[PDB]
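Counting from 7, one number per residue, gives the positions in the sequence shown under the entry's author numbering.
Okay, structure first, notes after.
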Amino acid sequence: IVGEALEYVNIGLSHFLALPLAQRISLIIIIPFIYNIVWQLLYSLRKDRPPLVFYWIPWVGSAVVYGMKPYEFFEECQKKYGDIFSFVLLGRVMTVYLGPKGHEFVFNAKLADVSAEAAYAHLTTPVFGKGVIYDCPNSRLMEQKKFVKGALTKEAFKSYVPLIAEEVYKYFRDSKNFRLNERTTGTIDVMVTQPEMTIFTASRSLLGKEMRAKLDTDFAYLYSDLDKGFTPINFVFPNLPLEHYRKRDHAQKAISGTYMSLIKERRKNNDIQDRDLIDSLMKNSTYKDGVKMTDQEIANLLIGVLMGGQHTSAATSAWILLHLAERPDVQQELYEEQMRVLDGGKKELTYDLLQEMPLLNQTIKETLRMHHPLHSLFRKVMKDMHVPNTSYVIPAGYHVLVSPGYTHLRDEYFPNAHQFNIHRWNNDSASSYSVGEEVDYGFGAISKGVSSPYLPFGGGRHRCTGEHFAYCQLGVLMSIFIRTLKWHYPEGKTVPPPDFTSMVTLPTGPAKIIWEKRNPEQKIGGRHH
Ligand SMILES: CC[C@@H](C)n1ncn(-c2ccc(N3CCN(c4ccc(OC[C@H]5CO[C@](Cn6cncn6)(c6ccc(Cl)cc6Cl)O5)cc4)CC3)cc2)c1=O
Ligand code: HEM
């Protein structure tokens, strides 16, 4: 008789439901804990799954160790498991594929296989607004990138260079952090100065003079408020009825409204030239199926572009200053190049002369090697994926994670990878190079292969289109810093470690340097109060 047993099943269920609150809570925690461990042990038997990093806390997974030191986490996992492994992260399964083959697996993945917008939209859509970037099909993203790229041309860079330079000099003149007309030396936190110089220079050139002028007003606080919504938390909790979530939403409306006001004014007065990215999107924001971007979508796109350029660039120029603060030999070498290319300062800086500054560009290139702003790029897997030359299948609903910044720091691909050396790029100073065949996903011909161990700007359909703007902006900024100042560390201070829990791998603050004027008597002209 198994009927007796079946009765006692029902009996036990009833005795289970009648447990005292103490055991119920205990079982509420013990039961999922035990199942999680048993599920992992069983999971490890599958040969059609990459190894899964073991974890104790259900749902949480490896989030703490991954979040604090992802490259150390990746190195340990790589030693135990090789280049392909999974780990649980706040309810999601991330499948990591390290090295150039991982770049290929994820950046060149078929459009049907993975989705960037499914990984990213819940964060970006609240900050930028509806209809653009990840709040739209990939084919719309492809053309938005084409629109923006049409404003980021050599001719645009030629006119951005003197504008960015004016903004840097104005910042040296007026910012409390410098005031070069009044002080010949001082101490700055580069995580204060660089966000400010970045937003001032990017506003002036991409958004134009009106939007730049707005940052000298209370309006600037909206950018700060909107900036707070750009945090990895939004990957988990994109919306919570908390205050800073509402300040973010309000900022997005207020800022996009400011942009729309300007757009509608310009159209009303027929004042549509070729000054800035706003002009360009007003003239060139019609999809190939004939639909026009709305004024709201244009403004949302402007927010996304400005916010994306903001954090990558400001972290990168901070890192450049930090690495050079302990390398007075590199500052000297860069200074000699400035004197040579600009004839002792008798030539004004232009976009073309910037391209004749290989050491300066190598300094940016090397900083981006050692400090990839984005340590982990993700896609959500939409269809099961066979990992070539393995028996592994990545099922739909998993996430794939690619980390070119991890490979940037591997000795095998960059000898003495943890040493800052701009001369490893001698006779190779371009921001990136297409080493073979090319392909066009909708926004211009880019490298077909994505197997370079150096991939600061990603590859494939989601490849960065800001790279040349970033080099222009960082180039102008660093040319002027080098020609104007020397800098060094407070005693006993050195390059800080990266903060891998922020949106970008910015330096852990406060990160202070001491600057001094190369020409204490040099004055910056212009009006100021
Ligand atoms: C909770 C416990 C704690 C210990 N913990 N546990 C885990 N973590 C953690 C894990 C991972 C991460 N992150 C860091 C951020 N990261 C990430 C950030 C941005 C990103 O952007 C990719 C897309 C979307 O944004 C942009 C960024 N960009 C590109 N170029 C310039 N910016 C983008 C592209 C285009 C446009 Cl228009 C705008 C933008 Cl912002 O590209 C991708 C990954 C993911 C991992 C942070 C913390 C923790 O802190
Ligand atoms: C040092 C500076 C920068 C670095 C290292 C960088 C890096 C990257 C990377 C790695 C990606 C791909 C993300 C992924 O594959 O998930 C990307 C995408 C992108 N970035 Fe940048 N970026 C920088 C600056 C900028 C700037 C200044 C802009 C705009 C002016 C910009 C706009 C974009 C856009 C539009 C995309 C396309 C995203 C997509 O198609 O999904 N970036 N960037």
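Here a beta-carbon is modelled for each residue, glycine too, at the ideal position from N, C-alpha and C.
Contact check, residue i vs residue j, beta carbons under 9 Å
| i | j | result |
| --- | --- | --- |
| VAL311 | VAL154 | yes |
| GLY442 | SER435 | no |
| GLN344 | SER485 | yes |
| residue 2 | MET363 | For residue 2 there is no data in the structure shown, the boundaries of the chain being 7 and 535. |
| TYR41 | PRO64 | yes |
| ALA517 | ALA320 | no |
| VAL196 | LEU340 | no |
| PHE22 | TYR61 | no |
| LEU283 | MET299 | no |
| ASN114 | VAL456 | yes |
| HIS377 | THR511 | yes |
| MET391 | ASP119 | yes |
| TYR357 | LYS176 | no |
| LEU186 | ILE530 | yes |
| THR159 | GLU332 | no |
| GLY67 | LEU47 | no |
Closer than 8 Å: residue i CB and nearest ligand 1 heavy atom
| i | result |
| --- | --- |
| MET313 | yes |
| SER508 | yes |
| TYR229 | no |
| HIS414 | no |
| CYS470 | yes |
| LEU96 | yes |
| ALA115 | no |
| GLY310 | yes |
| residue 2 | Within the shown structure, residues of the chain are numbered from 7 to 535, placing residue 2 beyond reach of any answer. |
| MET74 | yes |
Sequence-distant residues of the same chain with beta carbon closer than 7 Å to residue i, five excluded per side
| i | result |
| --- | --- |
| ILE205 | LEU221, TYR229, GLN316 |
| residue 548 | The structure shown does not extend to residue 548, since the chain is modelled only from 7 through 535, so no value can be given for it. |
| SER262 | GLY135, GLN302, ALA305, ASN306, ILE309 |
| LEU374 | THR322, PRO462 |
Residue i: CB within 8 Å of a non-hydrogen atom of ligand 2
| i | result |
| --- | --- |
| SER457 | no |
| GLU110 | no |
| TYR126 | yes |
| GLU473 | yes |
| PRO513 | no |
| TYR140 | yes |
| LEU480 | yes |
| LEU158 | yes |
| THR318 | yes |
| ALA476 | yes |
| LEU33 | no |
| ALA122 | yes |
| residue 536 | Within the shown structure, residues of the chain are numbered from 7 to 535, placing residue 536 beyond reach of any answer. |
Given residue i as reference, the closest of the options once Cα atoms are compared
| i | options | result |
| --- | --- | --- |
| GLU216 | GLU271, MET197, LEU491 | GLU271 |
| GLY411 | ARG52, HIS424, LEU461 | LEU461 |
| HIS429 | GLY455, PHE384, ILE370 | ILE370 |
| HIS250 | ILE194, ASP233, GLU81, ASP195 | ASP233 |
| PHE384 | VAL8, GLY108, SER68, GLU82 | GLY108 |
| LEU213 | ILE194, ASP280, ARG185, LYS53 | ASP280 |
| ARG469 | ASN395, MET509, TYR447, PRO502 | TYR447 |
| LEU380 | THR322, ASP358, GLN338 | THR322 |
| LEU129 | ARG146, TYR140, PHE39 | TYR140 |
| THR199 | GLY532, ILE520, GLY73 | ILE520 |
| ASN427 | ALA69, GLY192, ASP335, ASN275 | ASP335 |
| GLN528 | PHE241, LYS294, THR490, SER508 | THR490 |
| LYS294 | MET148, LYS182, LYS86, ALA226 | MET148 |
| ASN432 | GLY465, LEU415, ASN367, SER397 | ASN367 |
Cβ neighbours of residue i in the same chain (closer than 6 Å, five flanking residues each side left out)
| i | result |
| --- | --- |
| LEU360 | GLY481 |
| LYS253 | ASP231 |
| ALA257 | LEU228, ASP231, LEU232 |
| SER211 | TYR166, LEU169, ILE170 |
| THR237 | none |
| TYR404 | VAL99, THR101, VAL387 |
| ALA157 | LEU283, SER286 |
| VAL133 | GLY235, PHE236 |
| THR190 | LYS523, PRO526 |
Own chain partners of residue i with C-beta closer than 8 Å, once the 5 adjacent residues on each side are dropped
| i | result |
| --- | --- |
| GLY314 | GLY472 |
| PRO76 | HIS381, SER382, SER409, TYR412, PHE506 |
| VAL393 | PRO56, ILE90, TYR103, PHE111, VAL399, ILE400 |
| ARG218 | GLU173, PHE206, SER209, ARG210 |
Where in the stretch 354 to 439 do unbroken runs of the beta strand (DSSP E), each at least 3 residues long, occur, reported from the N-terminal end onward?
If one requires a minimum length of 3 residues, the beta strand (DSSP E) runs lying completely within the stretch 354 to 439 are 383 to 387, 405 to 408, in chain order.
Runs of 4 residues minimum, wholly inside the stretch 216 to 295: which ones carry the alpha helix (DSSP H) assignment?
Fully enclosed alpha helix (DSSP H) runs of 4 or longer: 226 to 234, 249 to 274, 283 to 289.
Report the start-end ranges of each beta strand (DSSP E) in the stretch 441 to 483 that is 3 residues or longer and not cut off at the edges.
If we require 3 residues or more, the beta strand (DSSP E) runs fully inside the stretch 441 to 483 come out as 444 to 446, 451 to 453.
Hey, which unbroken runs of the alpha helix (DSSP H) at 4 residues or more fall wholly within the stretch 84 to 139?
Scanning the stretch 84 to 139 for uninterrupted alpha helix (DSSP H) segments of 4 residues or longer gives 106 to 113, 122 to 134, listed from N- to C-terminal end.
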